[PDB]
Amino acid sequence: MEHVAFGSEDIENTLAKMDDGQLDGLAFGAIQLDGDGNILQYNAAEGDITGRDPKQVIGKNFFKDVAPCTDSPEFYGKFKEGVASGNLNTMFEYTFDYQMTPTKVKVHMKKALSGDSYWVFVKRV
């Protein structure tokens, strides 16, 4: 698999080199979002946690379409304050419960080395 630890201080440098294929070798869920929350990349481990098919959710809006349970001040609110600011680095526990067995996760959101893109990293707790 691809050798990077969840929560590493330089994760955004490591992931800058990865295409879709390599992203699927990570030990944790990874989603790349634009500044509006649209999904640009979604890896296999994320699909394993949530049941979503990665190919199919690319292009959908994470907050409006895919993950309405995250449309709250505690998740989306943190994201949109990060985008507006141009900096984002926060880690918190959350429960994902939309059309799925409720599943408790650790979430890490971090601004990418790109441009106007943002990472959401997910693992089970």
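A residue's number is simply how far along the shown sequence it sits, counting from 1. Heads up, when I say rigid core I mean the largest set of C-alphas that superpose within 1.5 Å between the two forms.
Visitor: Comparing 61 to 69 with 26 to 34, which has C-alphas lying farther from the shown form in 9 other deposited structures of this protein once the core is aligned?
Guide: Between 61 to 69 and 26 to 34, the one lying farther away in 9 other deposited structures of this protein is 26 to 34.
Visitor: If you take the mean CA temperature factor per stretch, which one wins between 22 to 30 and 79 to 87?
Guide: Result: 79 to 87.
Visitor: Could you settle it for me: does 47 to 55 or 63 to 71 have the higher average Cα B factor in the PDB entry?
Guide: The recorded data point to 47 to 55.
Visitor: Relative to the other modelled residues of the same chain, rank the CA B-factor of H3 and answer lowest, middle or highest third.
Guide: Highest third of the chain for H3's C-alpha B-factor.
Visitor: Sort the modelled residues of this chain by their C-alpha B factor and say whether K17 lands in the lowest, middle or highest third.
Guide: Highest third of the chain for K17's C-alpha B-factor.
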